[PDB]
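*Asks:* For reference, the structure I am asking about is given below.
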Amino acid sequence: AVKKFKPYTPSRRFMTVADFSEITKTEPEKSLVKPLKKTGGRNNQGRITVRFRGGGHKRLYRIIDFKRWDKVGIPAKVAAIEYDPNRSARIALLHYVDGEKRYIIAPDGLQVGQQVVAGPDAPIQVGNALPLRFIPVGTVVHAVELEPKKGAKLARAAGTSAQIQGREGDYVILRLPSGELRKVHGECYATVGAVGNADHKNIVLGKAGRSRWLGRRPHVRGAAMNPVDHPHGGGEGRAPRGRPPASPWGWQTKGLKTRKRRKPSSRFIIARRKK
Amino acid sequence: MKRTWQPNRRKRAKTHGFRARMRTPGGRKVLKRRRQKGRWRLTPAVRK
RNA sequence: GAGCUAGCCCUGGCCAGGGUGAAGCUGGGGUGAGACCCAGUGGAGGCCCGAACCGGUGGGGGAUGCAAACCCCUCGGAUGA
RNA sequence: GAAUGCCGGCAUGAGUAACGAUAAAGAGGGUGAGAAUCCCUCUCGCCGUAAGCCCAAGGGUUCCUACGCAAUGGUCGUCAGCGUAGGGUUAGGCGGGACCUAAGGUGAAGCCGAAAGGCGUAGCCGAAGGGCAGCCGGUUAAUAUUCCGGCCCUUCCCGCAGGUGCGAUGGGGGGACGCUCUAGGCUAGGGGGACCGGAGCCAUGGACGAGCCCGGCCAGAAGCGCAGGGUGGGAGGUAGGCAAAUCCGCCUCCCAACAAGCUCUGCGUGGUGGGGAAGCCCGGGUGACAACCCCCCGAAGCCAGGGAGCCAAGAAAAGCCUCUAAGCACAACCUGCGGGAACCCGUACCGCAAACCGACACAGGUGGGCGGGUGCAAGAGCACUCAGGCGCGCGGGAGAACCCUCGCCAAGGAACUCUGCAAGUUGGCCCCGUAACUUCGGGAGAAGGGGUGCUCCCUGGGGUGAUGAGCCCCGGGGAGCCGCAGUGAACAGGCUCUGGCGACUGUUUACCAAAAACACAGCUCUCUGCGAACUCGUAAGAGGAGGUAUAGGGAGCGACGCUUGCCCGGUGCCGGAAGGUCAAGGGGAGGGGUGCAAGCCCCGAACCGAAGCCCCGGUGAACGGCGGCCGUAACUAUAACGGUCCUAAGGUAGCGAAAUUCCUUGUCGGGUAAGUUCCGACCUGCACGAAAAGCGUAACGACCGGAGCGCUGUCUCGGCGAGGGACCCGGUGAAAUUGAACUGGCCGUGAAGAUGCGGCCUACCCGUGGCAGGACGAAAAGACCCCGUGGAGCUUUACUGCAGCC
RNA sequence: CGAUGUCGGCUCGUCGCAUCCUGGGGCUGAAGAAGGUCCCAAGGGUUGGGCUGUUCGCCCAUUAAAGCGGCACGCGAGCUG
RNA sequence: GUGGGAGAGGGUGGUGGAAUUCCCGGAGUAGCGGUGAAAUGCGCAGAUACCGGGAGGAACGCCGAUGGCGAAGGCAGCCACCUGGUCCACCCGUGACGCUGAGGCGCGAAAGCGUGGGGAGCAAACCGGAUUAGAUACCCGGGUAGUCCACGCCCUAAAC
RNA sequence: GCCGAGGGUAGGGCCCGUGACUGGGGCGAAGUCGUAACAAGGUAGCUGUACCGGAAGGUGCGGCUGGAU
RNA sequence: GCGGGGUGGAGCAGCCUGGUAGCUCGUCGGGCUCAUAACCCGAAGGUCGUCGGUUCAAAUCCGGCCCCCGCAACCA
Ligand SMILES: [Mg+2]
Ligand SMILES: [Mg+2]
Ligand SMILES: [Mg+2]
Ligand SMILES: [Mg+2]
Ligand SMILES: [Mg+2]
Ligand SMILES: [Mg+2]
Ligand SMILES: [Mg+2]
Ligand SMILES: [Mg+2]
Ligand SMILES: [Mg+2]
Ligand SMILES: [Mg+2]
Ligand SMILES: [Mg+2]
Ligand SMILES: [Mg+2]
Ligand SMILES: [Mg+2]
Ligand SMILES: [Mg+2]
Ligand SMILES: [Mg+2]
Ligand SMILES: [Mg+2]
Ligand SMILES: [Mg+2]
Ligand SMILES: [Mg+2]
Ligand SMILES: [Mg+2]
Ligand SMILES: [Mg+2]
Ligand SMILES: [Mg+2]
Ligand SMILES: [Mg+2]
Ligand SMILES: [Mg+2]
Ligand SMILES: [Mg+2]
Ligand SMILES: [Mg+2]
Ligand SMILES: [Mg+2]
Ligand SMILES: [Mg+2]
Ligand SMILES: [Mg+2]
Ligand SMILES: [Mg+2]
Ligand SMILES: [Mg+2]
Ligand SMILES: [Mg+2]
Ligand SMILES: [Mg+2]
Ligand SMILES: [Mg+2]
Ligand SMILES: [Mg+2]
Ligand SMILES: [Mg+2]
Ligand SMILES: [Mg+2]
Ligand SMILES: [Mg+2]
Ligand SMILES: [Mg+2]
Ligand SMILES: [Mg+2]
Ligand SMILES: [Mg+2]
Ligand SMILES: [Mg+2]
Ligand SMILES: [Mg+2]
Ligand SMILES: [Mg+2]
Ligand SMILES: [Mg+2]
Ligand SMILES: [Mg+2]
Ligand SMILES: [Mg+2]
Ligand SMILES: [Mg+2]
Ligand SMILES: [Mg+2]
Ligand SMILES: [Mg+2]
Ligand SMILES: [Mg+2]
Ligand SMILES: [Mg+2]
Ligand SMILES: [Mg+2]
Ligand SMILES: [Mg+2]
Ligand SMILES: [Mg+2]
Ligand SMILES: [Mg+2]
Ligand SMILES: [Mg+2]
Ligand SMILES: [Mg+2]
Ligand SMILES: [Mg+2]
Ligand SMILES: [Mg+2]
Ligand SMILES: [Mg+2]
Ligand SMILES: [Mg+2]
Ligand SMILES: [Mg+2]
Ligand SMILES: [Mg+2]
Ligand SMILES: [Mg+2]
Ligand SMILES: [Mg+2]
Ligand SMILES: [Mg+2]
Ligand SMILES: [Mg+2]
Ligand SMILES: [Mg+2]
Ligand SMILES: [Mg+2]
Ligand SMILES: [Mg+2]
Ligand SMILES: [Mg+2]
Ligand SMILES: [Mg+2]
Ligand SMILES: [Mg+2]
Ligand SMILES: [Mg+2]
Ligand SMILES: [Mg+2]
Ligand SMILES: [Mg+2]
Ligand SMILES: [Mg+2]
Ligand SMILES: [Mg+2]
Ligand SMILES: [Mg+2]
Ligand SMILES: [Mg+2]
Ligand SMILES: [Mg+2]
Ligand SMILES: [Mg+2]
Ligand SMILES: [Mg+2]
Ligand SMILES: [Mg+2]
Ligand SMILES: [Mg+2]
Ligand SMILES: [Mg+2]
Ligand SMILES: [Mg+2]
Ligand SMILES: [Mg+2]
Ligand SMILES: [Mg+2]
Ligand SMILES: [Mg+2]
Ligand SMILES: [Mg+2]
Ligand SMILES: [Mg+2]
Ligand SMILES: [Mg+2]
Ligand SMILES: [Mg+2]
Ligand SMILES: [Mg+2]
Ligand SMILES: [Mg+2]
Ligand SMILES: [Mg+2]
Ligand SMILES: [Mg+2]
Ligand SMILES: [Mg+2]
Ligand SMILES: [Mg+2]
Ligand SMILES: [Mg+2]
Ligand SMILES: [Mg+2]
Ligand SMILES: [Mg+2]
Ligand SMILES: [Mg+2]
Ligand SMILES: [Mg+2]
Ligand SMILES: [Mg+2]
Ligand SMILES: [Mg+2]
Ligand SMILES: [Mg+2]
Ligand SMILES: [Mg+2]
Ligand SMILES: [Mg+2]
Ligand SMILES: [Mg+2]
Ligand SMILES: [Mg+2]
Ligand SMILES: [Mg+2]
Ligand SMILES: [Mg+2]
Ligand SMILES: [Mg+2]
Ligand SMILES: [Mg+2]
Ligand SMILES: [Mg+2]
Ligand SMILES: [Mg+2]
Ligand SMILES: [Mg+2]
Ligand SMILES: [Mg+2]
Ligand SMILES: [Mg+2]
Ligand SMILES: [Mg+2]
Ligand SMILES: [Mg+2]
Ligand SMILES: [Mg+2]
Ligand SMILES: [Mg+2]
Ligand SMILES: [Mg+2]
Ligand SMILES: [Mg+2]
Ligand SMILES: [Mg+2]
Ligand SMILES: [Mg+2]
Ligand SMILES: [Mg+2]
Ligand SMILES: [Mg+2]
Ligand SMILES: [Mg+2]
Ligand SMILES: [Mg+2]
Ligand SMILES: [Mg+2]
Ligand SMILES: [Mg+2]
Ligand SMILES: [Mg+2]
Ligand SMILES: [Mg+2]
Ligand SMILES: [Mg+2]
Ligand SMILES: [Mg+2]
Ligand SMILES: [Mg+2]
Ligand SMILES: [Mg+2]
Ligand SMILES: [Mg+2]
Ligand SMILES: [Mg+2]
Ligand SMILES: [Mg+2]
Ligand SMILES: [Mg+2]
Ligand SMILES: [Mg+2]
Ligand SMILES: [Mg+2]
Ligand SMILES: [Mg+2]
Ligand SMILES: [Mg+2]
Ligand SMILES: [Mg+2]
Ligand SMILES: [Mg+2]
Ligand SMILES: [Mg+2]
Ligand SMILES: [Mg+2]
Ligand SMILES: [Mg+2]
Ligand SMILES: [Mg+2]
Ligand SMILES: [Mg+2]
Ligand SMILES: [Mg+2]
Ligand SMILES: [Mg+2]
Ligand SMILES: [Mg+2]
Ligand SMILES: [Mg+2]
Ligand SMILES: [Mg+2]
Ligand SMILES: [Mg+2]
Ligand SMILES: [Mg+2]
Ligand SMILES: [Mg+2]
Ligand SMILES: [Mg+2]
Ligand SMILES: [Mg+2]
Ligand SMILES: [Mg+2]
Ligand SMILES: [Mg+2]
Ligand SMILES: [Mg+2]
Ligand SMILES: [Mg+2]
Ligand SMILES: [Mg+2]
Ligand SMILES: [Mg+2]
Ligand SMILES: [Mg+2]
Ligand SMILES: [Mg+2]
Ligand SMILES: [Mg+2]
Ligand SMILES: [Mg+2]
Ligand SMILES: [Mg+2]
Ligand SMILES: [Mg+2]
Ligand SMILES: [Mg+2]
Ligand SMILES: [Mg+2]
Ligand SMILES: [Mg+2]
Ligand SMILES: [Mg+2]
Ligand SMILES: [Mg+2]
Ligand SMILES: [Mg+2]
Ligand SMILES: [Mg+2]
Ligand SMILES: [Mg+2]
Ligand SMILES: [Mg+2]
Ligand SMILES: [Mg+2]
Ligand SMILES: [Mg+2]
Ligand SMILES: [Mg+2]
Ligand SMILES: [Mg+2]
Ligand SMILES: [Mg+2]
Ligand SMILES: [Mg+2]
Ligand SMILES: [Mg+2]
Ligand SMILES: [Mg+2]
Ligand SMILES: [Mg+2]
Ligand SMILES: [Mg+2]
Ligand SMILES: [Mg+2]
Ligand SMILES: [Mg+2]
Ligand SMILES: [Mg+2]
Ligand SMILES: [Mg+2]
Ligand SMILES: [Mg+2]
Ligand SMILES: [Mg+2]
Ligand SMILES: [Mg+2]
Ligand SMILES: [Mg+2]
Ligand SMILES: [Mg+2]
Ligand SMILES: [Mg+2]
Ligand SMILES: [Mg+2]
Ligand SMILES: [Mg+2]
Ligand SMILES: [Mg+2]
Ligand SMILES: [Mg+2]
Ligand SMILES: [Mg+2]
Ligand SMILES: [Mg+2]
Ligand SMILES: [Mg+2]
Ligand SMILES: [Mg+2]
Ligand SMILES: [Mg+2]
Ligand SMILES: [Mg+2]
Ligand SMILES: [Mg+2]
Ligand SMILES: [Mg+2]
Ligand SMILES: [Mg+2]
Ligand SMILES: [Mg+2]
Ligand SMILES: [Mg+2]
Ligand SMILES: [Mg+2]
Ligand SMILES: [Mg+2]
Ligand SMILES: [Mg+2]
Ligand SMILES: [Mg+2]
Ligand SMILES: [Mg+2]
Ligand SMILES: [Mg+2]
Ligand SMILES: [Mg+2]
Ligand SMILES: [Mg+2]
Ligand SMILES: [Mg+2]
Ligand SMILES: [Mg+2]
């Protein structure tokens, strides 16, 4: 669901908020949080190197388990579902029967009070983790690793899912969230199901201030600048671009491909994306 | 109105002070020249 | 040289008083169940009026100035980007 | 002798402007060579959410006292933040260090870079954050939570007694956290008292009174009481918290659970220790054996880590508790008691300012806490006033013009002017009432109107009490009094209709532009499979992001509604194992130099040979583009229709004399007595047009137009009045400028606008207040223009390079 | 060009006369009244408002008339902007 | 009520194969396609035609009928669950509890709209080729909404 | 002193007349353009809706027979 | 001021590179039709805006004048 407001202020009229119904615990688990070093988009030189960043809400970072092959065969109960400010997706607090506690990103359908497990033998049900080779071809999956033991890299954002297409030797064939068709190694762990909070994309920020809370400062158009600042700078009155639309740094910005052609992972991408 | 000089001892000693100058090639060079010119003070007096 | 100024980072602080009255909740009505309507409760908001505080709209004065940007009247924001 | 030359000296303007907030002064007395200016008294005025008081920064002896007045002080000076001298800052508990970590800084390991140096998990540094033990009074010319008095507390060392598996930089718990709102109960602070204490007062017509005036508390261990915070207890298993672990985590079980218990804190009481007014005698004495009580109001502070709701989801580390490991268990630790021990640095004074930042004793700037009373609906607003502090370091007169700030105005009422610019008007609360349109919130304080003081009588609900009295809060009804006037002073909207532009709150050219500009939610295109793209850096390393296509970069458009047409020939980008061209390289037909020679050396055709370009295709919310001439309809006029030429394709909807329309005040309509503007229309649109978006849109606007009501010194058209200047007298005393000057009018002349030449005319010498026509007045080596083979910023299919990428 | 401030308005005017009015005349296709046209005359006078930045012009209502020009297109050490 | 029946009646969740399209490997050569005839188009950069692999969406051939079901709109592979109407036999139960129906409320083909998916085939708009006096059509090659899914709107019909 | 004809101020409601200009409608007709419908009307017609075109109309989707053979 | 242009009735070629005037429509005569259109068959008409010059010869090259289209007209 998504919550609307009555138009009692001009900005409320459009603003929509998340429904937060799946949340059962309004406090992060202390032994799993640590402080987020805000950067402002500035690097170790101090330079802005990603423009327009800063001034958002303070955040405590939740330590997530992107391995899971860490604890094969030890089951865990789903103790709660929590809000995580560092992602789109929601999180799930697991209490292992081991006694150890961990977070994973919360799949859609997960129940508070159910059980999950990881390993070659896990039942193919929501929340379990297996090497890709043992998940049946055709079932949809998330939190997928890209190389074995390297951590879950793909399908991590709310509502996303990858899907297994077929197999070819040591490798399985995934259709990624973007529609790209890729070979991933069969020993790459993955978690059955899709990520939850799929209603995320229907959120209407509603006013300038909301973006500000998110730590996103205002973006200024090239066309509004001067030639020193930007290719689109200057001109008397408004002006069309007057050259191929360009970035602040001059490269072409409508259409121009930038993936390195000789990149070694090319042997593994079957079909570049779509749409 | 608010003018440009707004004194601050910690600001001062950290910015222009002897240990600041010593750490870097530019600062050392300053001390050299101020010593060769015969300046009485190599570094801004500031009481702490 | 960022003790002015601009942005960000860490850690503290501040915003008299009044007004309007969102959702929610409770009760009543309504219906097969509902949608919903009414009342009370409630206290939302880059909401309203206005001090501090932050500004600098119009006018006047000032013009070897009280001042290398000030003064008076008036005016904008004032829980928020 | 000139360089707007350089350094210095001294003139001119000139006894002129000015002497720094218009809060304001007067007299008496004293001191002294000298007094408007120092001290004292009395009177008057000003601040009081300060113009009072206390902290932090910064300043660094400015503090106190004595003795001084050359200079500093905008005048004066006997005074001083000034000169000379002497004195003055006292801590285990306040602040910082011998504690902790934050961004950041530094940096063993390690990585990188010609050198210099750049990075870097641990650690270390880093505070106005965490942590940690002192409260009230007295004393000094000057210090005080520091000395003294009283009552309290902390750590460290040693000893004694009891107790326990003791022991850590290692495990764990805790510390530990947002915003808004908010309960109960307290405290701080305040109001009243017919009650308690008090020197005294009875005026001037009255009052010897339940009269006036003054004051009625502060700190305090254990114990206790009231209000709150924190926290389940036991057992069994246990593969997790990088060793171990009785701890913590997980599972099962029994008792308990809005309780109690245990513990911590606030507030009250409390052994005791202090304070203690008005008034009148010289800071002190007295008041005084001072009293030290009841009631009400009441926090934003406290109990606190309290409670609730919301989304944007809200530091770390140590102290502290606990668990064990090496070890050690004659040790060690915990608890109680005692004795001993407890270092370094700050402390003076200013601190919204004459002591800080502004060259000044400068109308500016400067963070935190306290900030009393009454009244006005509230309040930190406003008027007055307490405590406290001031009258702003030139004065005395006069009563011109003119200036500033302010007050009022007959009749008119925007006729003023680019413009109602400015100034009137309106103005708080209560009640009645309120339109188009609308996104159903709004528009709305629309508009418009009534009420408002005081006195008496009657009555309703609430708080604290007790259910009552009293005190406090919120009302209702009736009858009357006075004035021109009752939010009687002060603070406190003028309104309406109608267009443009931007949806909106926001942002901007510090110091001539606040806007229609920027941003903005929202829409689209496009890149990116993650050692992402992209950005910074030679690199290492970083940001991106401890994110992962519902995510991140780039670009345009800019809520929302309805929409966004046709063109891919050129440019861009995308796709294209062909063909063409294509560098180094391979290859070596053939040729050359030299040697007696094998040999050495040089040129070198075909053919093989990347990206790029060519070439084939796609693509517009990619750069961009979206025709001409001629004819045609029962009269005209016009052209639905037709002809032909050209193109990659010939502007669709909607809009249109427009923020766009040249001709132009187009034409017509509306409004006005009259309208180059404004609104509504028409369309031969000089030169709209669809995300450099098109046409609309409620709400919003210190934006820019047009109109009307209200009301006004804006105007007819000016008048009078107030104060601060201007004027005069005493005191102090500048400035730009200045070739020298004994510096008149006219008509002429002159390098073409003459005080200075000619002719004539006029004119006794010198000042003062005034006005601005001239001295091509002052100021600025014209900012426009041109010139210089002068410079700088910006552009690109100018040239040539370089990084970057292929 | 080591600076001669620039439209219009306001304010204050002063001058020329090729006279808008008022005074004196000649001619008239001058009956009267009222005009036309030229001559003399610069003494005085020559309004208020709508539009526009406007000068100008147009318009409204009046008038004896609503004159045209010069003075650095008079006048910014006089104001507006 | 008791006991039975037929059915594409409705909702949810699954799942089967035929075919079209695109992609991949093979093999193969000079045309394929389309119409009245043609052109556009596609094709030596290797098409069509053929074999194998794979991806995805939509619609269910034979059964199929002059049939069945629903109040209407309408409903067609198959499987399970949930659910409605309706007929029959017995003559057991209630005892007129009935009929209709202004307003109301719900349902309501296609197209259309909102937010999000999905997109193989088809196809308004649009482009191109033909035809023609013209051809903003009929015919041919391309092609976007949409056609499909979820939720929410619209409420019209030669809804017969 | 109350009520009070009505006068005055302010804002609303319904109706009527009128208005530059504009939208289609009826009639007139001896005009221009095409030929959509009636025959299989030369693409069967009609239909709701949607997009488009000088105009009748066309096309998509679904529907009806009130469709010749 | 710079560039382009005038050719049967309409609209375009030919001009550069001198000798030679072409294309579609339209007009006229015939045909098909009851008739008209369309369609089919034949056919007329430009002395190339003018005046001048170069040449053996000028629509063509050069000059003058005329009319038309486009662009420019800036600091001021
Ligand atoms: Mg949900
Ligand atoms: Mg909403
Ligand atoms: Mg709401
Ligand atoms: Mg709602
Ligand atoms: Mg609103
Ligand atoms: Mg709004
Ligand atoms: Mg969300
Ligand atoms: Mg959210
Ligand atoms: Mg949720
Ligand atoms: Mg932690
Ligand atoms: Mg972090
Ligand atoms: Mg660093
Ligand atoms: Mg650095
Ligand atoms: Mg960036
Ligand atoms: Mg940034
Ligand atoms: Mg989350
Ligand atoms: Mg969004
Ligand atoms: Mg955030
Ligand atoms: Mg954004
Ligand atoms: Mg922007
Ligand atoms: Mg701009
Ligand atoms: Mg700009
Ligand atoms: Mg720069
Ligand atoms: Mg550049
Ligand atoms: Mg550039
Ligand atoms: Mg540009
Ligand atoms: Mg520009
Ligand atoms: Mg310009
Ligand atoms: Mg610009
Ligand atoms: Mg422009
Ligand atoms: Mg611009
Ligand atoms: Mg524009
Ligand atoms: Mg431009
Ligand atoms: Mg552009
Ligand atoms: Mg441009
Ligand atoms: Mg361009
Ligand atoms: Mg990879
Ligand atoms: Mg500062
Ligand atoms: Mg400091
Ligand atoms: Mg400091
Ligand atoms: Mg500092
Ligand atoms: Mg230093
Ligand atoms: Mg020395
Ligand atoms: Mg130095
Ligand atoms: Mg902080
Ligand atoms: Mg505030
Ligand atoms: Mg609630
Ligand atoms: Mg705000
Ligand atoms: Mg507000
Ligand atoms: Mg407000
Ligand atoms: Mg101002
Ligand atoms: Mg004003
Ligand atoms: Mg002021
Ligand atoms: Mg306000
Ligand atoms: Mg507010
Ligand atoms: Mg807030
Ligand atoms: Mg000389
Ligand atoms: Mg000089
Ligand atoms: Mg000089
Ligand atoms: Mg000199
Ligand atoms: Mg000099
Ligand atoms: Mg003088
Ligand atoms: Mg002065
Ligand atoms: Mg003074
Ligand atoms: Mg004053
Ligand atoms: Mg004196
Ligand atoms: Mg004296
Ligand atoms: Mg004195
Ligand atoms: Mg007060
Ligand atoms: Mg100093
Ligand atoms: Mg002192
Ligand atoms: Mg002296
Ligand atoms: Mg002095
Ligand atoms: Mg002074
Ligand atoms: Mg003396
Ligand atoms: Mg002094
Ligand atoms: Mg002590
Ligand atoms: Mg020590
Ligand atoms: Mg430290
Ligand atoms: Mg500290
Ligand atoms: Mg104490
Ligand atoms: Mg002392
Ligand atoms: Mg013992
Ligand atoms: Mg420990
Ligand atoms: Mg935390
Ligand atoms: Mg904190
Ligand atoms: Mg009180
Ligand atoms: Mg007290
Ligand atoms: Mg109590
Ligand atoms: Mg264990
Ligand atoms: Mg106590
Ligand atoms: Mg006393
Ligand atoms: Mg005594
Ligand atoms: Mg006694
Ligand atoms: Mg929290
Ligand atoms: Mg840390
Ligand atoms: Mg041992
Ligand atoms: Mg113990
Ligand atoms: Mg020491
Ligand atoms: Mg010390
Ligand atoms: Mg001290
Ligand atoms: Mg002082
Ligand atoms: Mg101040
Ligand atoms: Mg202060
Ligand atoms: Mg002070
Ligand atoms: Mg200064
Ligand atoms: Mg300075
Ligand atoms: Mg200075
Ligand atoms: Mg000073
Ligand atoms: Mg002073
Ligand atoms: Mg001052
Ligand atoms: Mg008041
Ligand atoms: Mg008030
Ligand atoms: Mg105020
Ligand atoms: Mg008082
Ligand atoms: Mg004074
Ligand atoms: Mg005088
Ligand atoms: Mg008057
Ligand atoms: Mg009026
Ligand atoms: Mg009036
Ligand atoms: Mg106006
Ligand atoms: Mg007022
Ligand atoms: Mg209205
Ligand atoms: Mg409404
Ligand atoms: Mg209104
Ligand atoms: Mg009274
Ligand atoms: Mg009064
Ligand atoms: Mg006042
Ligand atoms: Mg107001
Ligand atoms: Mg209006
Ligand atoms: Mg306009
Ligand atoms: Mg607009
Ligand atoms: Mg704007
Ligand atoms: Mg705006
Ligand atoms: Mg809008
Ligand atoms: Mg805005
Ligand atoms: Mg605001
Ligand atoms: Mg500026
Ligand atoms: Mg500015
Ligand atoms: Mg400046
Ligand atoms: Mg500036
Ligand atoms: Mg500005
Ligand atoms: Mg503004
Ligand atoms: Mg801007
Ligand atoms: Mg903008
Ligand atoms: Mg939009
Ligand atoms: Mg680089
Ligand atoms: Mg790195
Ligand atoms: Mg990171
Ligand atoms: Mg990311
Ligand atoms: Mg906007
Ligand atoms: Mg913008
Ligand atoms: Mg609308
Ligand atoms: Mg078109
Ligand atoms: Mg193109
Ligand atoms: Mg192209
Ligand atoms: Mg281009
Ligand atoms: Mg182009
Ligand atoms: Mg464009
Ligand atoms: Mg005709
Ligand atoms: Mg027009
Ligand atoms: Mg317009
Ligand atoms: Mg235009
Ligand atoms: Mg015009
Ligand atoms: Mg014009
Ligand atoms: Mg005119
Ligand atoms: Mg006119
Ligand atoms: Mg106007
Ligand atoms: Mg016209
Ligand atoms: Mg643009
Ligand atoms: Mg605004
Ligand atoms: Mg505005
Ligand atoms: Mg006046
Ligand atoms: Mg007066
Ligand atoms: Mg006066
Ligand atoms: Mg005298
Ligand atoms: Mg002389
Ligand atoms: Mg002259
Ligand atoms: Mg001269
Ligand atoms: Mg002369
Ligand atoms: Mg003379
Ligand atoms: Mg002479
Ligand atoms: Mg004379
Ligand atoms: Mg003068
Ligand atoms: Mg003057
Ligand atoms: Mg002069
Ligand atoms: Mg002169
Ligand atoms: Mg002059
Ligand atoms: Mg000057
Ligand atoms: Mg100057
Ligand atoms: Mg020079
Ligand atoms: Mg010069
Ligand atoms: Mg200059
Ligand atoms: Mg110059
Ligand atoms: Mg020039
Ligand atoms: Mg040159
Ligand atoms: Mg030269
Ligand atoms: Mg240059
Ligand atoms: Mg690149
Ligand atoms: Mg000049
Ligand atoms: Mg000069
Ligand atoms: Mg000058
Ligand atoms: Mg007569
Ligand atoms: Mg005569
Ligand atoms: Mg005269
Ligand atoms: Mg005269
Ligand atoms: Mg005018
Ligand atoms: Mg004019
Ligand atoms: Mg003149
Ligand atoms: Mg002038
Ligand atoms: Mg001026
Ligand atoms: Mg002027
Ligand atoms: Mg001058
Ligand atoms: Mg002058
Ligand atoms: Mg003046
Ligand atoms: Mg101006
Ligand atoms: Mg071949
Ligand atoms: Mg329907
Ligand atoms: Mg549809
Ligand atoms: Mg039928
Ligand atoms: Mg009457
Ligand atoms: Mg037909
Ligand atoms: Mg037909
Ligand atoms: Mg047409
Ligand atoms: Mg069509
Ligand atoms: Mg049907
Ligand atoms: Mg040619
Ligand atoms: Mg030829
Ligand atoms: Mg015929
Ligand atoms: Mg010849
Ligand atoms: Mg010839
Ligand atoms: Mg010839």
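Every number in this text was worked out from the coordinates using simple rules, so none of it is lab data. Quick reminder, even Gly has a Cβ in these numbers, built from the backbone with ideal geometry, and neighbours come from all protein chains shown.
*Asks:* Please list the three semi-axes, largest first and in whole Å, of the ellipsoid equivalent to region A:215-269, using sqrt of 5 times the eigenvalues of its alpha carbon gyration tensor.
*Replies:* 31, 15, 9
*Asks:* Just in region A:157-212: which trypsin sites (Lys or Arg not before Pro) are loop by DSSP and have at most 10 other Cβ atoms within 10 Å?
*Replies:* Listed in order of number, the matching sites amount to none.
*Asks:* Still on this structure, I have one more. Loop only per DSSP, at most 15 neighbouring Cβ atoms within 10 Å: give me the trypsin sites (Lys or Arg not before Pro) in region A:5-60, ordered by residue number.
*Replies:* Hits after loop and neighbour filter: A:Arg12, A:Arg13, A:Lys25, A:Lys37, A:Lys38, A:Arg47, A:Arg51, A:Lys58, A:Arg59.
*Asks:* For region A:194-243 and region A:120-179, what is the separation of their C-alpha centers, rounded to whole Å?
*Replies:* 35
*Asks:* Please check which bits of region A:244-267 a label hung off A:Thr39 would reach, taking the label as a point 7 Å along Cα-to-C-beta and the cut-off as backbone N under 20 Å.
*Replies:* Backbone N within reach: A:248-249.
*Asks:* Once every Cα of region A:1-63 carries one equal point scatterer and solvent is ignored, give the base-10 log of I(q)/I(0) from the Debye formula at q = 0.21, 0.26 Å⁻¹, two decimals.
*Replies:* Once normalised to I(0) and log-transformed, intensities are -0.95, -1.02.
*Asks:* Could you check the spin-label model distance between A:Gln165 and A:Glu236? Points 7 Å from the Cα along Cα→Cβ, value in nm.
*Replies:* Distance between the two pseudo-spin positions: 5.6 nm.
*Asks:* What do the square roots of 5 times the Cα gyration tensor eigenvalues come to for the protein assembly as shown, in whole Å, largest first, as semi-axes of the equivalent ellipsoid?
*Replies:* Equivalent ellipsoid of the protein assembly as shown: 48, 29, 26 Å, largest first.
*Asks:* With the dipole of region A:208-275 worked out from charges on the C-beta (+1 for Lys and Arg, -1 for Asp and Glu) around the Cα centre, which of A:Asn226, A:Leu214, A:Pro240 lies farthest toward the positive end?
*Replies:* Result: A:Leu214.
*Asks:* Here is a further query. Over region A:139-275, what is the relative contact order in percent, taking alpha-carbon pairs closer than 8 angstrom and at least six residues apart?
*Replies:* Relative contact order for region A:139-275 comes out at 21 percent.
*Asks:* Using the basic label-point model (7 angstrom from Cα toward the beta carbon), what is the A:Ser211 to A:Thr139 distance in nanometres?
*Replies:* 4.2
*Asks:* Pop out the ³J(HN,Hα) list for region B:26-43 in order, Karplus 6.51 cos²θ - 1.76 cosθ + 1.60 with θ = phi - 60°, rounded to Hz; leave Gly and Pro as x.
*Replies:* Result, ordered by residue: x, x, 5, 4, 3, 5, 4, 4, 6, 6, 6, 7, x, 4, 6, 10, 7, 7 Hz.
*Asks:* Let me ask something else about it. Could you derive backbone 3J(HN,Hα) for region A:150-167 from the dihedral phi with the Karplus parameters 6.51, -1.76 and 1.60 (θ = phi - 60°), listing whole Hz in sequence and x where the residue is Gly or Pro?
*Replies:* Values, residue by residue: 8, x, 6, 10, 10, 6, 9, 8, 3, x, 7, 7, 9, 9, 6, 10, x, 10 Hz.
*Asks:* Same structure again: Mind checking Rg over Rh on region A:1-123, alpha carbons, Kirkwood formula for Rh?
*Replies:* Dividing the radius of gyration by the Kirkwood radius yields 1.07.
*Asks:* Separate question: Across 5 Å bins from the origin, how do the percents of Cα pairs in chain B run, short distances first?
*Replies:* The distribution over chain B is 5, 20, 25, 20, 16, 9, 4, 2, 0, given as percents.
*Asks:* Among A:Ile64, A:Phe14, A:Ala271, pick out the residue whose Cα is farthest towards the positive end of the charge dipole of chain A, where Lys and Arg carry +1 and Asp and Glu carry -1 on C-beta, about the Cα centre.
*Replies:* Value computed over the given set: A:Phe14.
*Asks:* Spelling out what I want: for every residue of region A:239-254, take phi, set θ = phi - 60°, compute 6.51 cos²θ - 1.76 cosθ + 1.60 (Karplus), and round to whole Hz; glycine and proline get x.
*Replies:* Using θ = phi - 60°, the values come out as 7, x, 5, x, 5, x, x, 10, 7, x, 9, x, 5, 6, 10, 10 Hz.
*Asks:* Right, here's the next one. List residues of region B:31-48, by number, whose backbone nitrogen lies under 20 Å from a label position 7 Å along Cα→C-beta of B:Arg10.
*Replies:* Counting backbone N atoms under 20 Å from the label point, the list is B:44-48.
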